[PDB]
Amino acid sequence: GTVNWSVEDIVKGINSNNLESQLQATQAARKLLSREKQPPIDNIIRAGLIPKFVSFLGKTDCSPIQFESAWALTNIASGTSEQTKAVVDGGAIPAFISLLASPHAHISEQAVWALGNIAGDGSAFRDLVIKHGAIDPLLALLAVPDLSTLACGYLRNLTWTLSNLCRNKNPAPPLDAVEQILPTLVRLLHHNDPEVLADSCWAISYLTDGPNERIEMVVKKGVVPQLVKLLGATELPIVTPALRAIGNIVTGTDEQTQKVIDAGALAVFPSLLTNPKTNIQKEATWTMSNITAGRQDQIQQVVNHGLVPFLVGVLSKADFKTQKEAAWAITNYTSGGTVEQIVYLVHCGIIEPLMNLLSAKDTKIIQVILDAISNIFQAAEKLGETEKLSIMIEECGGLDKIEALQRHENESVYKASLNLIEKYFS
């Protein structure tokens, strides 16, 4: 019936003066644009059909052509930025926002989906959707006593579209828009659907990816305990955004970091730092590195939770990018730690894996490691045990590596290595 129409037949039907013919052709276009293999988005655009689809969004008396045109435009807007721009350029944003209040649930949901694709293009279209007034009608669809009474697919689409309104930087979303969205977002973050939870975590991870004022807006809403719970979920699609959000939060103030620790996050890192997914392991070590850049009492919590052996392990064996984050966690630890905390680091076996990574070609890790070695020596100077440390480094072959680094072409590298050689190995 409406399967495998040509663009020229679609155009003929839409250009007819006959609404039912227009409805049939619009469905035929929807089916073309919903095929998995090379949907002819550009051909449909070149045919000039977008302004017609947008007009059809306003045909209140023919809800089927509203639905069919909304679906067609959603699939166009799901493509490249240029294809999304063509939808926006046709006036689709205010048309779709007016459809959010449709009494036909499947039409409102399609409008939600379409606006998610448009906002998801980038910050400019995101802010344009907001300026057209999308947030109030979107939040009204979620203003129910219990989210469980909404259809699962509907709720997932609403969550995903709100997450795109939280996404992207330069600029970040408007502060008033974030404040308007957050209470509903925290409600979704407590829902039981895994997909709603994943996308709510993603939204929170976007809102915390920025200056400490942005982090504070989110933390103030009390979401950190829920995030830590989701950090232990079995679903990798939940753990990943949950961990990103927690990681972002601990880039903030020591007080914001302390709420993560107070919520019990460190007890999850034995698993995260051994997680079979390389990206989870890397992000967990990056998170640890910002925690060890904190206060001495926060370093002490890292010790109390038994996480230094886990950092020794990642340094010993892990994807190189994870090992790089581990070197940062160690150097930050040695930078702000007490003499006793730094000593404990050596007792846990940090020296040998740290020395073995000086053989890495990456120049930055070498500078990070050498700075950690210096801080560890300085802690040993205060106990008069520099010699015993020097012997550890020689026995595991670190002295040979530091000596060879005096020939390194980078300036700061061959500078720091020489200082250690002359200061402690002479």
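Residue positions are given as counts along the sequence shown, with the first one as 1.
### Message
Comparing average C-alpha B factors as deposited, tell me which of 358-366 and 372-380 sits higher.
### Response
Taking the mean C-alpha B-factor of 358-366 and of 372-380, the larger value falls to 358-366.
### Mean C-alpha temperature factor, higher of 409-417 and 19-27
Mean CA B-factor is higher for 409-417.
### Query
According to the deposited entry, which of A265, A177, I118, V346 has the largest Cα B-factor?
Of the options given, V346 has the highest CA B-factor in the PDB entry.
### Task
Between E255, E340, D146, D209, let me know which has the highest C-alpha B-factor in the entry?
Max CA B-factor in the entry, restricted to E255, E340, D146, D209: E340.
### Message
Using only modelled residues of the chain, where does the Cα B factor of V186 rank: lowest third, middle third or highest third?
### Response
Lowest third - that is where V186 ends up once the chain's C-alpha B-factors are sorted.
### Query
Compared with the other modelled residues in the chain, in which third is the CA B-factor of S316?
For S316, whose C-alpha B-factor we compare with every modelled residue in the chain, the answer is the middle third.
### Task
State the tercile, meaning the lowest, middle or highest third, of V260 with respect to the CA B-factors recorded for its chain.
Highest third of the chain for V260's C-alpha B-factor.
### Query
C-alpha B factor of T334, ranked within the chain: lowest, middle or highest third?
Highest third - that is where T334 ends up once the chain's C-alpha B-factors are sorted.
#### Entry: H106 by Cα B-factor - lowest, middle or highest third of the modelled chain
CA B-factor rank for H106: middle third.
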